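# Per-entry structural report
Each chain, letter by letter, is given below.
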Amino acid sequence: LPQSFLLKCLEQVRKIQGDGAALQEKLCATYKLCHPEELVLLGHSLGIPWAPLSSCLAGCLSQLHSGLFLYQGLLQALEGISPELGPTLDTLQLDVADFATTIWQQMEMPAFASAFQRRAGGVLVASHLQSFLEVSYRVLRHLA
Amino acid sequence: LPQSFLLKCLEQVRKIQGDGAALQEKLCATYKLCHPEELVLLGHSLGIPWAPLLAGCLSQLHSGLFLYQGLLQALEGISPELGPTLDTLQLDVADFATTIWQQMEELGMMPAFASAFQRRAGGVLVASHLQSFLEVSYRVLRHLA
Amino acid sequence: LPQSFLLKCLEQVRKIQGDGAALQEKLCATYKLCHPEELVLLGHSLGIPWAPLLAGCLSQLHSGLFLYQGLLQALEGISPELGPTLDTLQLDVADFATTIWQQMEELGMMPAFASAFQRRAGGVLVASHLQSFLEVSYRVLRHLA
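For this coordinate set, the PDB header names X-ray crystallography as the determination method and states a resolution of 2.2 Å.

## Structural notes on the overall build of chain A
Tallying secondary structure elements over chain A gives five helices and zero strands in all. Reading chain A from its N terminus to its C terminus gives the helix and strand order α-α-α-α-α. Expected size for 144 residues packed as a compact globule is a radius of gyration near 15 Å; at 15 Å, chain A falls within 12% of this value. Each principal axis of the C-alpha atoms in chain A carries an extent, and together these give about 45 × 25 × 20 Å.

## Points about the UniProt feature "disulfide bond" in chain A
Residues and elements named next belong to chain A. The sulfur-sulfur separation between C28 and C34, a disulfide according to UniProt, is 2.0 Å, below the 2.5 Å limit, so the bridge is formed here. UniProt's annotated cystine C56-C60 is reproduced in these coordinates, with an S-S distance of 2.0 Å, under 2.5 Å. With relative accessibility at 9%, the residue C60 sits in the buried group.

## Topic: the packing of helix α1 (residues 3-31) of chain A against helix α4 (residues 83-106) of chain B
To describe two helices that pack against each other, one gives the angle between their axes and the distance between the axes. Two elements in contact, α1 of chain A and α4 of chain B, have axes whose closest approach is 11 Å; the angle formed by their N-to-C orientations is 60 degrees. By the criterion of interaxial angle, the relationship of α1 of chain A to α4 of chain B is oblique. Remark: the crossing between α1 of chain A and α4 of chain B carries left-handed chirality. On α4 of chain B, the residues touching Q3, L6, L7 and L10 of chain A of α1 of chain A are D87, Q90, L91 and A94 of chain B. Classifying every residue of the contact of α1 of chain A with α4 of chain B gives five nonpolar, two polar and one charged.

## Re the arrangement of the chains
Between all two pairs of chains that are in contact, chains B and C come out with the most contacts. The smallest C-alpha distance separating chain A from chain C is 21 Å, and no contact links them.

## Considerations on the UniProt feature "disulfide bond" in chain B
Checking the UniProt disulfide annotation for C28 of chain B and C34 of chain B gives a sulfur-sulfur distance of 2.0 Å, short enough (under 2.5 Å) to count the bond as formed. Look at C28 of chain B and you get buried, because its relative accessible area is 2%.

## So, the relation of the copies chain B and chain C
Expressed as a screw operation, the relation of chain B to chain C combines 0.0 Å of axial shift with a rotation of 180 degrees, fitting to an RMSD of 0.6 Å. Taken together, the rotation and translation describe the operation of a two-fold axis. Relative to the rotation axis, the closest C-alpha in chain B is found at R14 of chain B, a distance of 2.9 Å. The fraction of interface residues of chain B whose copies in chain C are also interface residues reaches 100%, indicating that both copies meet through the same surface.

## Looking at the state of the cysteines
This structure, assessed with the given rule, holds four disulfides over all chains. Between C28 of chain C and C34 of chain C runs a disulfide, and the two sulfur atoms are separated by 2.0 Å. For the disulfide bridge between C28 of chain C and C34 of chain C, the dihedral angle about the S-S bond is near 80 degrees, and by the sign convention the bridge is right-handed. With a relative accessible area of 13%, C34 of chain C lands in the buried category. Each disulfide of chain A joins two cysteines, and with those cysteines numbered along the sequence the arrangement is 1-2, 3-4. The structure places no disulfide on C9 of chain C, whose sulfur is separated from the nearest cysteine sulfur, that of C28 of chain B, by 12 Å. The buried category is assigned to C9 of chain C, whose relative accessible area is 0%. Free of any disulfide, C57 of chain C has its nearest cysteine sulfur in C9 of chain C, 14 Å distant.

So, how was this worked out
- Residues numbered from 1 in each chain as written, not as in the entry; some residues may be left out.
- Chains lettered and ligands numbered in written order.
- Heavy atoms only, no water.
- Residues with missing side-chain atoms left out of burial classes, pairs and counts.
- Helix = DSSP H or I, 4+ residues; strand = E, 2+ residues; numbered from the N terminus.
- Rg over C-alpha atoms; globule rule 2.2 N^0.38 Å.
- Disulfide = S-S within 2.5 Å.
- UniProt positions renumbered as here; feature names shortened; annotations may be inferred.
- Buried < 20%, exposed > 50% of the residue type's maximum accessible area, 1.4 Å probe, protein only.
- Axes fitted to C-alpha atoms, helices over the stretch in contact; angles between N-to-C directions.
- Parallel < 35°, antiparallel > 145°, perpendicular 65-115°, else oblique.
- Left-handed = near helix turned anticlockwise from the far one by under 90°.
- Contact = heavy atoms within 4.5 Å.
- Nonpolar A, V, L, I, M, F, W, Y, C, P; charged D, E, K, R; others polar.
- Least-squares fit on C-alpha atoms.

Here's what the structure looks like:
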């Protein structure tokens, strides 16, 4: 796709990543939930879906788009995790929502039932979105 | 680490130092902002975060790179001439950082630049910090080999 | 020494180091020769010369580059595959030799790699030393202006 497009995608993945790192930094400072690693088995229980992209033009781009559409959903489902994290979460959601539209333009949920469920769901969705955007850049770089 | 990943990195360090030195030489040439020591007090005024420098160290390179990707995007092209110079330096930083990220997987592990003078001077100081950052990164990669 | 010339030198220095680095990682990854130190015996046995390092030093750097064009040529492309990569490295060292010389002007100032294992392992050894020769030219030009 054009280089202008790929650089547009980078600016965006990097903004969404700086937001995700602000979230992750709050969840660690405020709840000591600092190691996504430790929560890996809870993602089961929490029933967090996975967006596949590594083994993936338009079909791939559609997959990125779906995966983004999935993360704006999950973020929404987290209902802001706590009053103090609410702002942070809104910023990351408006941002994932933008990247989702750059992709379509170019084409042209769980129940986190508790304080603990919202927090651990928070850490894991922030971590799964990081990895996914790291994979979306490598995939787009391979399509430019 | 695998010596071949190490050799792929030592290559990407130099390819970024090249683009960096190219930006610096163009800024000096087109605008006469030739000495980062004349703009250092101003690095403080432009709110620039200097980035410090297995798992933890590979993570500090990756964080450093991630900061440096921020600062470069914030200069928004600097000027119509320097535009493509900056576009190559971002795609190269972004590729190096992806390389550190993919290997940490396998192993299992802002300033705003208000005016044209701020974008110009900003380009001088960040090309300049990224240069040293990367040298020290060429030294600790040797060491974590 | 004019700060502009000196930043054109840094970009040339990083350019040749990146080509150096390009060759190393291809030799390490095509023929698993990933360590100069495991070849210091072959190198001693070939008796290969390494170059030492305003007028005087500027002239030492110029003659140092001359030596490395010499050594790079003797490798006779290493393999068909590695051909282009060495041509670039030759040409980029040539550029930089010229630049240095031109500065001198406006201021008024081979072993035989008899074998195929020898070309590949002599590739690893020259690229590695060149890399180190150029970092010090990077520091001497740094302290020169």
